[PDB]
Amino acid sequence: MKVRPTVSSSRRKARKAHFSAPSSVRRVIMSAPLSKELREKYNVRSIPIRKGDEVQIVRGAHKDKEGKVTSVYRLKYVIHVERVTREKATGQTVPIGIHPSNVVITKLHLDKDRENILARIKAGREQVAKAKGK
Amino acid sequence: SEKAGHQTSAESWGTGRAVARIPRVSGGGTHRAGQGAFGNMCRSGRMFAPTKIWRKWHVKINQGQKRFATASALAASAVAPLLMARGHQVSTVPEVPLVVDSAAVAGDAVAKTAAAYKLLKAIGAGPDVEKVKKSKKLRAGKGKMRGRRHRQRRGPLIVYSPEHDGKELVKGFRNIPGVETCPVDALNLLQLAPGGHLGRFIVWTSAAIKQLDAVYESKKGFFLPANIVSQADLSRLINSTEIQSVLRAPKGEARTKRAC
RNA sequence: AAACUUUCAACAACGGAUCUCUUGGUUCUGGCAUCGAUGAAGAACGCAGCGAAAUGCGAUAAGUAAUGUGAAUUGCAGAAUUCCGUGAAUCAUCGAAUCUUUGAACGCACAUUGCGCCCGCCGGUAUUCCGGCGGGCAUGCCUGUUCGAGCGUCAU
RNA sequence: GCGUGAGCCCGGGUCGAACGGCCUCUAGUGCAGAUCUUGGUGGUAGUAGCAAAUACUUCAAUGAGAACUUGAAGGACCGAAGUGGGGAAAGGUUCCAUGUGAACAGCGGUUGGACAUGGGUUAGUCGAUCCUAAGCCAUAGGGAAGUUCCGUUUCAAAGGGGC
RNA sequence: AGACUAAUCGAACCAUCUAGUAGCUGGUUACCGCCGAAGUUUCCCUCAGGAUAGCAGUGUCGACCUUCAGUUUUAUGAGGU
RNA sequence: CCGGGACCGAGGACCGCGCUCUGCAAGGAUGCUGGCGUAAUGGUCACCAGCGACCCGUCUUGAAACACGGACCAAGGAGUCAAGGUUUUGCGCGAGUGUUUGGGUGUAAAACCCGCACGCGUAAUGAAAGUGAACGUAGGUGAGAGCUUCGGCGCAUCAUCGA
RNA sequence: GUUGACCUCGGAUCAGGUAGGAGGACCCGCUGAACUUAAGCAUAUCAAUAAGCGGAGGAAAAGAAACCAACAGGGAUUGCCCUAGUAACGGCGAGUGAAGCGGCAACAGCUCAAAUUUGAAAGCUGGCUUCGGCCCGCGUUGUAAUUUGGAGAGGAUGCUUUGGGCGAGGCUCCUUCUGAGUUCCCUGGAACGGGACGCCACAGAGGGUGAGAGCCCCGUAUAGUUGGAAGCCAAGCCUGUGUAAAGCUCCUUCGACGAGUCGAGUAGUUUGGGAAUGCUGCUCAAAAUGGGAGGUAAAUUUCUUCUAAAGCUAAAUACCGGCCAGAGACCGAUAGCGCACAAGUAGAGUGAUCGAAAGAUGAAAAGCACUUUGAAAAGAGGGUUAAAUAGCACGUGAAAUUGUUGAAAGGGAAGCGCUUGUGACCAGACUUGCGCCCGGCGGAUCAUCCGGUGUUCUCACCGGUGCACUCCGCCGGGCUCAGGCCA
Ligand SMILES: [K+]
Ligand SMILES: [K+]
Ligand SMILES: [K+]
Ligand SMILES: [K+]
Ligand SMILES: [K+]
Ligand SMILES: [K+]
Ligand SMILES: [K+]
Ligand SMILES: [K+]
Ligand SMILES: [K+]
Ligand SMILES: [K+]
Ligand SMILES: [K+]
Ligand SMILES: [K+]
Ligand SMILES: [K+]
Ligand SMILES: [K+]
Ligand SMILES: [K+]
Ligand SMILES: [K+]
Ligand SMILES: [K+]
Ligand SMILES: [K+]
Ligand SMILES: [K+]
Ligand SMILES: [K+]
Ligand SMILES: [K+]
Ligand SMILES: [K+]
Ligand SMILES: [K+]
Ligand SMILES: [K+]
Ligand SMILES: [K+]
Ligand SMILES: [K+]
Ligand SMILES: [K+]
Ligand SMILES: [K+]
Ligand SMILES: [K+]
Ligand SMILES: [K+]
Ligand SMILES: [K+]
Ligand SMILES: [K+]
Ligand SMILES: [K+]
Ligand SMILES: [K+]
Ligand SMILES: [K+]
Ligand SMILES: [K+]
Ligand SMILES: [K+]
Ligand SMILES: [K+]
Ligand SMILES: [K+]
Ligand SMILES: [K+]
Ligand SMILES: [K+]
Ligand SMILES: [K+]
Ligand SMILES: [K+]
Ligand SMILES: [Mg+2]
Ligand SMILES: [Mg+2]
Ligand SMILES: [Mg+2]
Ligand SMILES: [Mg+2]
Ligand SMILES: [Mg+2]
Ligand SMILES: [Mg+2]
Ligand SMILES: [Mg+2]
Ligand SMILES: [Mg+2]
Ligand SMILES: [Mg+2]
Ligand SMILES: [Mg+2]
Ligand SMILES: [Mg+2]
Ligand SMILES: [Mg+2]
Ligand SMILES: [Mg+2]
Ligand SMILES: [Mg+2]
Ligand SMILES: [Mg+2]
Ligand SMILES: [Mg+2]
Ligand SMILES: [Mg+2]
Ligand SMILES: [Mg+2]
Ligand SMILES: [Mg+2]
Ligand SMILES: [Mg+2]
Ligand SMILES: [Mg+2]
Ligand SMILES: [Mg+2]
Ligand SMILES: [Mg+2]
Ligand SMILES: [Mg+2]
Ligand SMILES: [Mg+2]
Ligand SMILES: [Mg+2]
Ligand SMILES: [Mg+2]
Ligand SMILES: [Mg+2]
Ligand SMILES: [Mg+2]
Ligand SMILES: [Mg+2]
Ligand SMILES: [Mg+2]
Ligand SMILES: [Mg+2]
Ligand SMILES: [Mg+2]
Ligand SMILES: [Mg+2]
Ligand SMILES: [Mg+2]
Ligand SMILES: [Mg+2]
Ligand SMILES: [Mg+2]
Ligand SMILES: [Mg+2]
Ligand SMILES: [Mg+2]
Ligand SMILES: [Mg+2]
Ligand SMILES: [Mg+2]
Ligand SMILES: [Mg+2]
Ligand SMILES: [Mg+2]
Ligand SMILES: [Mg+2]
Ligand SMILES: [Mg+2]
Ligand SMILES: [Mg+2]
Ligand SMILES: [Mg+2]
Ligand SMILES: [Mg+2]
Ligand SMILES: [Mg+2]
Ligand SMILES: [Mg+2]
Ligand SMILES: [Mg+2]
Ligand SMILES: [Mg+2]
Ligand SMILES: [Mg+2]
Ligand SMILES: [Mg+2]
Ligand SMILES: [Mg+2]
Ligand SMILES: [Mg+2]
Ligand SMILES: [Mg+2]
Ligand SMILES: [Mg+2]
Ligand SMILES: [Mg+2]
Ligand SMILES: [Mg+2]
Ligand SMILES: [Mg+2]
Ligand SMILES: [Mg+2]
Ligand SMILES: [Mg+2]
Ligand SMILES: [Mg+2]
Ligand SMILES: [Mg+2]
Ligand SMILES: [Mg+2]
Ligand SMILES: [Mg+2]
Ligand SMILES: [Mg+2]
Ligand SMILES: [Mg+2]
Ligand SMILES: [Mg+2]
Ligand SMILES: [Mg+2]
Ligand SMILES: [Mg+2]
Ligand SMILES: [Mg+2]
Ligand SMILES: [Mg+2]
Ligand SMILES: [Mg+2]
Ligand SMILES: [Mg+2]
Ligand SMILES: [Mg+2]
Ligand SMILES: [Mg+2]
Ligand SMILES: [Mg+2]
Ligand SMILES: [Mg+2]
């Protein structure tokens with residue numbers, strides 16, 4: 001149960017905030033879990049998904065398929081992964097939208113800022129446990 | 001709202017125009033022109049006797065009658081047949097009233113939810129806790145839109161002494177569904193007879209049971225009531241020698257034979 | 001006997017009731033005190049790669065600077081960054097700026113994109129005329145400065 | 001199938017996300033009428049009618065389709081106080097060219113003041129701008145609790161010309 | 001001409017007081033069970049309206065109070081049709 | 001004292017009143033036999049036949065009325081809420097009763113706790129100054145449920161004479 | 001005569017400033033109705049209200065007694081409870097109506113005029129300025145210090161009081177970080193459903209994800225933790241010093257105190273205010289132990305209590321108009337605001353103003369490629385989808401009213417009640433059950449006794465014994481009894 005007076009538990013207000021969120025908030029809403037190997041390597045459990053990293057599908061009809069993230073369509077709350085597609089009546093190929101909460105990241109795109117994210121969350125995630133241990 | 005249905009300037013057309021007498025909107029060029037207004041029978045009108053905020057929402061109860069009812073509920077909580085008739089599962093509890101030693105008092109004695117859950121199982125309260133977990137449904141109407149989505153059953157109530165036990169056990173029992181806590185000196189009739197039905201299942205602590213008599217001694221203007229009868233067992237009275245020896249002989253049987 | 005009229009069922013029509021849904025209302029409770037001559041509230045006209053409205057903005061015009069975040073926007077297209085460092089975005093924040101014509105509205109007017117005056121710079125032979133550009137000129141009242149009026153009135 | 005009754009329960013079809021029994025609590029709680037309110041739909045009925053302003057006919061072309069589209073040839077009307085040629089008030093693109101399924105032109109339509117896409121208004125001499133009329137409003141002053149009323153030369157120290 | 005003052009004139013049009021008042025006309029929503037009327041008295045600027053008594057229902061309490069009666073009989077009064 | 005027909009069979013161990021007394025017609029139907037075991041009995045609907053049957057709501061002494069409203073269908077549509085009185089039902093305490101204007105406290109608009117004043121009641125009567133409820137086992141007489149040592153004691157309430 | 005002042009009144013696009021408009025829910029004033037009730041109506045009521053006008057703030061206003069009282073006396077203002085539907089007003093009709101005392105919320109006090117600094121205008125706006133001051137001006141028709149009735153001034157008397165600077169530490173705001181299954185089987189287009197096995201919990205609030213998810217994602221609990229800014233409070237330390245200024249105790253004597261104001265008459269309005277409660281107009285118009293009040297007009301004599309005609313000031317109280325936030329036994333698209341949508345919009349009126357209708361394909365557009373008939377709109381095939389009985393005239397799809405197919409009736413209405421008939425369609429009920437005897441088949445262990453354990457203390461259960469005329473089950477044959485409908 002919630003305690004603090006600044007927190008609201010209202011169905012009407014919660015749906016409004018979700019479906020009208022700006023772009024920098026939609027980034028955090030679209031997160032995915034890491035795989036067991038990466039989770040052990042980095043001591044991180046989840047991260048916002050980015051274009052240019054590998055993924056495996058674990059729910060829905062397109063299960064056990066893999067590929068790279070080709071686009072993050074924040075206005076639709078879906079992602080596109082290469083080679084998971086469909087054909088129109090004319091025979092043209094069109095991608096299928098997958099919600100990022102039923103994939104697992106098996107390899108992540110890395111740069112200077114991405115490394116800062118992973119280091120920052122890890123340091124806090126272990127400081128909490130160290131203080132909790134007393 | 002105070003002004004709903006009265007934000008127009010309608011006036012009756014009077015008799016002679018072959019229409020019913022009722023205020024009608026004035027103007028032209030819209031659908032709204034010429035339509036009825038101000039009535040409780042009219043679309044977009046005003047309702048009959050609009051509701052006000054100065055109706056009585058609260059009720060005053062004599063404090064003596066409050067104290068009578070809470071004492072009557074405590075007595076009913078020590079009758080095992082009444083516990084079963086209110087839906088509680090108590091087939092494996094050793095005694096009623098159920099009292100546990102002060103092993104729930106120390107710093108972090110049951111301050112973890114895992115520890116508190118483990119203690120309820122050993123004592124014999126486990127089946128009543130699992131009854132709540134398995135009962136959970138979606139509410140069956142428009143209450144879902146208004147913040148009340150689910151319904152479930154009630155479990156045991158835990159009574160403790162905040163002065164001796166330490167009040168840290170509230171954290172441990174809070175997250176388990178169905179379990180409530182209350183101090184011994186602030187007992188609540190809403191929890192002791194939920195829904196107006198008697199026989200709540202209660203788990204006491206040793207320190208709390210010792211304090212219960214001192215609590216009732218210090219209530220100015222209240223004393224425990226006297227009953228209107230003295231022996232509640234009706235069969236002992238009727239079938240005693242004092243009464244059966246002075247009766248007249250029976251005039252008939254439970255079934256009368258038909259004559260003519 | 002058909003056709004016609006009437007009653008019931010199945011399928012097909014007309015119409016939008018019923019059931020379920022809700023980024024909207026309504027009522028209560030708690031916190032805070034901040035418009036304008038340094039030009040407000042309101043009105044008009046414009047601004048996008050492809051827009052009529054709605055939303056945003058003002059010739060720096062679907063926005064500029066600055067700070068944070070860290071890879072998009074998306075109906076189409078192109079292009080940019082692609083996180084090296086020089087940094088996507090109708091993102092968040094917001095302390096520096098721009099801010100057309102009006103409006104208490106202020107050179108005089110206005111049913112007119114009407115008619116004047118003062119100071120300076122630049123051109124045309126020019127202190128005086130014509131054109132371009134910049135800065136100015138409302139009313140009531142207060143304190144001070146300076147120039148005055150009156151046998152109101154003092155001394156010489 | 002049950003119930004004197006208001007009603008309750010089951011079978012068959014359609015459909016797609018929530019719902020009921022029992023004891024208490026609570027109310028914006030039960031419709032045929034009010035020339036009742038809002039919305040939808042009949043008979044009448046393929047009915048009343050589509051008759052002022054004299055009037056149309058032949059050939060060819062276009063087109064799926066021609067009485068009311070275009071060419072030529074006949075027959076007619078308005079008869080200079082015109083059914084002609086230009087303006088003021090008012091409207092605001094109705095003007096021109098190309099093209100077009102539906103809707104509109106109370107019959108039709110290949111035509112249109114309709115629908116879509118583009119184009120079109122050039123002044124020192126014609127107007128406005130300048131002057132005053134009937135009138136309206138500032139300034140000096142006087143009323144009115146006040147929004148404001150009167151007052152237009154007055155019981156005012158009210159200007160402009162040169163070097 | 002009681003004529004005209006935007007299809008409005010024996011006192012225009014618009015918003016508000018305003019859900020103005022009506023002893024007067026119209027309407028007023030499921031079922032079964034038991035009981036069951038009045039249009040008469042007195043007063044009122046009272047006569048299409050009220051108060052007041054009567055007629056009706058519901059809740060009870062006192063005893064299950066030799067208790068009563070829209071009737072006959074016997075004795076005994078009053079009356080001017 | 002003998003015949004002939006029609007309709008009906010409630011009840012469910014024994015018990016009673018009786019008689020013509022191995023038993024019976026006496027406090028309510030049994031015995032024997034045939035056909036058929038399914039649409040045969042039974043039920044729903046449609047239609048013909050015999051008898052019966054004026055349009056509802058409303059005002060009115062009187063409505064089927066030549067008295068008014070009503071073409072049809074769906075959804076909406078009218079004795080409520082507050083303060084102040086009163087009688088009656090249920091509940092707590094009882095010569096008293098009432099926490100909640102406020103304070104304490106809290107798992108925080110809930111629940112729990114506190115007590116100084118105050119309201120109603122405990123005494124009336126006069127315009128007012130004012131005064132202010134026992135002769136008696138809290139009286140006598142007639143009724144009176146219940147109890148009773150059978151002599152009486154006598155609730156509630158009614159009528160009556162007194163303080 | 002010249003020149004130089006002062007007083008009053010003016011000019012300037014002189015130097016520097018300031019007001020108007022919006023908003024108006026709540027606040028401070030002015031002005032001012034009628035509908036209605038009185039069963040008619042004029043005083044009355046509605047109401048010291050609606051409409052109209054002026055002026056402010058986060059609150060405004062009020063406020064430190066010319067008060068209440070009649071006591072053994074209280075002691076600035078405001079608000080709640082009570083006083084109290086009371087005293088009183090009123091065609092004494094309908095109706096109206098306060099205050100003192102008492103308990104609580106919140107608490108806080110002050111400064112001018114009237115005196116000679118007179119051994120020294122000791123005071124202030126503006127300009128320029130090394131920053132230290134200088135210069136003009138205001139002002140003696142009065143700018144500072146001193147005094148405000150609680151006092152005070154003027155004298156005695158001898159004790160006491162004060163100025164600067166650091167400052168640990170804490171509080172408020174922003175920001176970084178936070179536990180646990182996508183384990184196995186079934187249905188399904190898709191598990192977020194059912195079954196099995198686990199884990200977290202100071203976190204089982206809420207929302208999303210292809211259907212009801214504590215452990216898939218955002219968040220939710222707890223004290224902490226990385227970084228940044230500005231304020232406030234504050235334990236305790238380091239320093240001067242009496243030129244000056246301040247408090248207390250006593251006293252002969254002094255002791256200034258607001259004028260067309262108070263008060264009186266009269267007129268109007270208002271109040272519960274009654275020979276007149278407040279306000280305003282006109283006429284008259286004061287005083288020094290004087291003046292006001294002391295709820296019945298007047299004269300005489302006492303008593304009580306304050307100190308008018310000048311001024312400032314936080315809190316408890318009102319309000320959802322403005323900017324934010326949290327909620328509910330409220331409404332669910334003819335409801336709820338007029339507006340869930342490009343709504344104060346489209347549209348009407350010369351104008352002031354009036355003012356609607358209108359939400360829902362599917363998880364995903366995968367929004368129908370190709371062939372064929374047609375001038376075209378479209379149709380027929382063929383595709384997508386879990387579904388086109390979801391095709392943008394899109395969830396579900398009722399009634400009035402209409403088309404086709406099928407059944408039936410009809411000599412100037414139809415519909416309805418009771419009761420047979422015919423045709424069509426249909427729910428039940430019945431199918432066997434218990435018992436006895438004979439035979440076959442299989443399994444035990446039936447009665448009794450010993451040990452243990454319960455329990456209603458005499459009744460049972462478990463282990464051992466039993467071992468074929470006992471006990472249990474099945475099958476085959478015969479017999480009695482009971483069983484459905486109409487007679
Ligand atoms: K209105
Ligand atoms: K008519
Ligand atoms: K709990
Ligand atoms: K609905
Ligand atoms: K715009
Ligand atoms: K002009
Ligand atoms: K079905
Ligand atoms: K036709
Ligand atoms: K003609
Ligand atoms: K002609
Ligand atoms: K010109
Ligand atoms: K020229
Ligand atoms: K012009
Ligand atoms: K000109
Ligand atoms: K003139
Ligand atoms: K004026
Ligand atoms: K008009
Ligand atoms: K009448
Ligand atoms: K006679
Ligand atoms: K009977
Ligand atoms: K009637
Ligand atoms: K009729
Ligand atoms: K009562
Ligand atoms: K009392
Ligand atoms: K007796
Ligand atoms: K001057
Ligand atoms: K309001
Ligand atoms: K006003
Ligand atoms: K009193
Ligand atoms: K000086
Ligand atoms: K002074
Ligand atoms: K510090
Ligand atoms: K599957
Ligand atoms: K699966
Ligand atoms: K499951
Ligand atoms: K006076
Ligand atoms: K005096
Ligand atoms: K007096
Ligand atoms: K509406
Ligand atoms: K218009
Ligand atoms: K399915
Ligand atoms: K299909
Ligand atoms: K569908
Ligand atoms: Mg998923
Ligand atoms: Mg009107
Ligand atoms: Mg409404
Ligand atoms: Mg429902
Ligand atoms: Mg501006
Ligand atoms: Mg410009
Ligand atoms: Mg200029
Ligand atoms: Mg000025
Ligand atoms: Mg759905
Ligand atoms: Mg209703
Ligand atoms: Mg109806
Ligand atoms: Mg009716
Ligand atoms: Mg015809
Ligand atoms: Mg014609
Ligand atoms: Mg004609
Ligand atoms: Mg023609
Ligand atoms: Mg002619
Ligand atoms: Mg001619
Ligand atoms: Mg043309
Ligand atoms: Mg054309
Ligand atoms: Mg036509
Ligand atoms: Mg046509
Ligand atoms: Mg055409
Ligand atoms: Mg056009
Ligand atoms: Mg000219
Ligand atoms: Mg004027
Ligand atoms: Mg003037
Ligand atoms: Mg006219
Ligand atoms: Mg009404
Ligand atoms: Mg009316
Ligand atoms: Mg009867
Ligand atoms: Mg009279
Ligand atoms: Mg009548
Ligand atoms: Mg009696
Ligand atoms: Mg009786
Ligand atoms: Mg006579
Ligand atoms: Mg029988
Ligand atoms: Mg037979
Ligand atoms: Mg039959
Ligand atoms: Mg008949
Ligand atoms: Mg007749
Ligand atoms: Mg009538
Ligand atoms: Mg009619
Ligand atoms: Mg509805
Ligand atoms: Mg100047
Ligand atoms: Mg203003
Ligand atoms: Mg009224
Ligand atoms: Mg009246
Ligand atoms: Mg009347
Ligand atoms: Mg009248
Ligand atoms: Mg007003
Ligand atoms: Mg302000
Ligand atoms: Mg305040
Ligand atoms: Mg103030
Ligand atoms: Mg004073
Ligand atoms: Mg005193
Ligand atoms: Mg006081
Ligand atoms: Mg009282
Ligand atoms: Mg009162
Ligand atoms: Mg009054
Ligand atoms: Mg002093
Ligand atoms: Mg002194
Ligand atoms: Mg987390
Ligand atoms: Mg869901
Ligand atoms: Mg969830
Ligand atoms: Mg699961
Ligand atoms: Mg004074
Ligand atoms: Mg007045
Ligand atoms: Mg007066
Ligand atoms: Mg809300
Ligand atoms: Mg609708
Ligand atoms: Mg609506
Ligand atoms: Mg729909
Ligand atoms: Mg097709
Ligand atoms: Mg379906
Ligand atoms: Mg349709
Ligand atoms: Mg549909
Ligand atoms: Mg139909
Ligand atoms: Mg028939
Ligand atoms: Mg054995």
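Proteins get letters first, then strands, A, B, ... in listed order; numbering begins at 1 in each.
Taking side-chain N and O atoms only, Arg26(A) has no distance below 4.0 Å to OP1 or OP2 of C91(C). At the phosphate of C216(G), neither OP1 nor OP2 sits under 4.0 Å from any side-chain N or O atom of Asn102(A). Between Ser46(A) and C217(G), a side-chain N or O to OP1/OP2 separation shorter than 4.0 Å is present. For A71(C), one of the phosphate oxygens OP1 or OP2 lies less than 4.0 angstrom from a side-chain nitrogen or oxygen of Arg50(A). Look at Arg39(A) and you won't find any side-chain N or O under 4.0 angstrom from OP1 or OP2 of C216(G).
Within 6.0 Å of atom NZ in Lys51(A), 12 or fewer heavy atoms from other residues, nucleotides or ligands are found, so the atom counts as exposed in its surroundings.
Distance from the side chain of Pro177(B) is smallest for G204(G) among the nucleotides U23(C), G204(G), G355(G). Of all nucleotides listed (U182(G), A83(F), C112(F)), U182(G) comes nearest to the side chain of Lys36(A). In the set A15(E), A357(G), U107(F), the nucleotide with an atom closest to the side chain of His31(B) is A357(G). Each of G326(G), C202(G), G208(G) was ranked by its minimum atom distance to the side chain of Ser8(A); first place goes to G326(G). Listed candidates were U225(G), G28(D), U107(F). Nearest to the side chain of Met47(B) is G28(D). Comparing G204(G), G106(F), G207(G) by their nearest atom to the side chain of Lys167(B) picks out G106(F).
A stacked arrangement is not assigned to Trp54(B) and the six-membered base ring of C81(F), the conditions of a centre distance below 5.5 Å and an interplanar angle below 30° not being jointly met.
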Please write out each protein N/O paired with an N/O of nucleotides 16-19 of chain D under 3.5 Å, distance rounded to 0.1 Å.
| residue | atom | partner | partner atom | Å |
| --- | --- | --- | --- | --- |
| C19(D) | OP2 | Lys144(B) | NZ | 2.9 |
| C19(D) | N4 | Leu138(B) | O | 3.2 |

N/O-N/O pairs, protein side and nucleotides 84-87 of chain C side, under 3.5 Å:
| residue | atom | partner | partner atom | Å |
| --- | --- | --- | --- | --- |
| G87(C) | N1 | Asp113(A) | OD2 | 3.1 |
| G87(C) | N2 | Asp113(A) | OD2 | 3.4 |

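In summary, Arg50(A) and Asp113(A) do not engage in a salt bridge, as defined by a charged side-chain N under 4.0 Å from a carboxylate O.
Shown for residues 7-15 of chain B: residues whose heavy atoms fall under 4.0 angstrom of RNA chain E, namely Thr8(B), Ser9(B).
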Does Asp128(B) form a salt bridge (charged side-chain N to carboxylate O under 4.0 Å, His left out) with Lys131(B)? I'd like the steps, not just the answer.
CA-CA 5 Å; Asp128(B) 204 52; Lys131(B) 179 206 58 185; 3.1 Å; yes
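Here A149(C) has a north sugar; its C1'-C2'-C3'-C4' angle has a plus sign.
Neighbouring nucleotides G397(G) and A398(G) do not stack on each other, since their six-membered rings fail either the 5.5 Å centre distance or the 30° plane angle limit.
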